[PDB]
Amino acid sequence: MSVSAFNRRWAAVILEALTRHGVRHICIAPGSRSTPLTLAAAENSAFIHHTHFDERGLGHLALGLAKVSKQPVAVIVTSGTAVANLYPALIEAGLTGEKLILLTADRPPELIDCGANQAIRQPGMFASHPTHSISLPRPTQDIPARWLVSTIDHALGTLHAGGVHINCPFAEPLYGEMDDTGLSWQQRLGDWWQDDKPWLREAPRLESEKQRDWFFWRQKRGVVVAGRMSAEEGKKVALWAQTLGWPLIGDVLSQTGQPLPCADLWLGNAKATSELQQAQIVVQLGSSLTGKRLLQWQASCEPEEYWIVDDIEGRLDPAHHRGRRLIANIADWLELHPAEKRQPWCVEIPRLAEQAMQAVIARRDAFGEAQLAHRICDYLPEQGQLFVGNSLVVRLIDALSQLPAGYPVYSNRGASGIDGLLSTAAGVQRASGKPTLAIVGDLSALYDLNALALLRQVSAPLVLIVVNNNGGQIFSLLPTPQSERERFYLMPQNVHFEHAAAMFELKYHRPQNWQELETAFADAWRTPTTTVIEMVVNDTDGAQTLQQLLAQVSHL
């Protein structure tokens, strides 16, 4: 009889179903139409609940939680533009694999397209970007509970990667005391309510078969390219490449320890590309390669075969090489395609890489962002993790620093948005409970400024470095036209971040030299709170330093 009561019973099935698929974290934004979902969530002891007022930040908070935990994370939002704000995080998850389960409250069908407040067309509004889309019907006891749980179980069970849009219409009344409406309906599921498994278990695995001719191919002159992978996978790939005697080109996101560091510089040297021309096979593990020189070499190389191993689906080679696209867990794949010890075939490149790093070290002293990137390994928190932002910082660290093998690195490098980096970092921290270093640019920090609210709650110290070069200086690295560059590309905002930190009662430092930076870090790691460290640098020094180093190494 009670619509409000049945709404909550319907919602309770949805939420309990998710607990059977490893959902522990749920991120909730405020609203009224979402009440049945939010109250079901609040009442369910399985969840860790996170809240935020900006649904775009909420989506990215969820992204960060999923990124680190490798488990599906749920999101609840009310109807309207609240739903639209989830798009950026959903798109990124589609590219890098995070399992985001978006529970989006909706008006019932009778209030769509009739000028009702906060009512929009929500089914399909994320187009092809969710992996799965469920448009739930108007709640009714005439649809059995077993149908509802089965539909959720199909979506979660068959989810290899990416987001799920579950649209959830509810009619008013939304409020009122619970009565027994829908209880017998729920009880048709019997002791499933006390179970720890799905109602319907549907969990096919997607995996490429082992390559039977690997033992032939591993005897050839190969190159290993390591992109984004897990910290442990990076260590395994490093050992595997060494054993093969193949050069390892390691991305900043790879955690391989980058045995041939500064590839963005030495790949610019003709002696290196000449040697790499001898490669008959390239085996790339992971994807979303960072550096321009690596992307250019990848595009130009012409091995007999190009393989990409990764656990995400679809084509991952933007140069469309003849070869293989192998879907697998990287660690598992390495066990199936083991290395046998063989004499290394590269002679010139190890020397060039050493020389390249020496050239960077020679310029370590200036208090600039290139130097900060080069030295960043000196500031990584012990037993911690690094979250690297987009634009120049990820490129500078990739080109100029040698990050330790197995030290966890996280990022948003699918679509490389600058719109959710602070909120993502917050989720990254909360998921693992580890001390966290996050580094972002000034426009990036402004973009997600209100996520400083989230950083008021971290479980271990988090240092947020904001590199302030007054605008998007990546457009001083790119050959943008000088006449239009400041107004239409760089867009300097001429701000500092001391007042932003103060607004959210976060500790703040603006160090003016290396000694003050070291003192700031020493202060920051002492407590389970977020410290903002603003590094103010001259606009174009970072870009010019990279360019000068590129040129120097190309002449070695």
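When you see a residue number, it is the position in the sequence shown, counting from 1.
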Got a sec? Mean C-alpha B-factor, which is higher, 279 to 287 or 363 to 371?
363 to 371
Which has the higher mean CA temperature factor in the PDB entry, 247 to 255 or 261 to 269?
261 to 269
Highest Cα B-factor in the deposition, which of 235, 218, 138, 322?
218
Compare the CA B factors listed in the entry for 349, 399, 421, 226 and report the winner.
349
Ranked against its chain, the third holding the CA B-factor of residue 332:
highest
Lowest, middle or highest third: where is residue 56 by C-alpha B factor in its chain?
lowest
Using only modelled residues of the chain, where does the Cα B factor of residue 300 rank: lowest third, middle third or highest third?
highest
Should residue 106 be placed in the lowest, middle or highest third of its chain by the C-alpha B factor in the entry?
lowest
Assert third(CA B-factor, residue 183) within chain per record equals highest
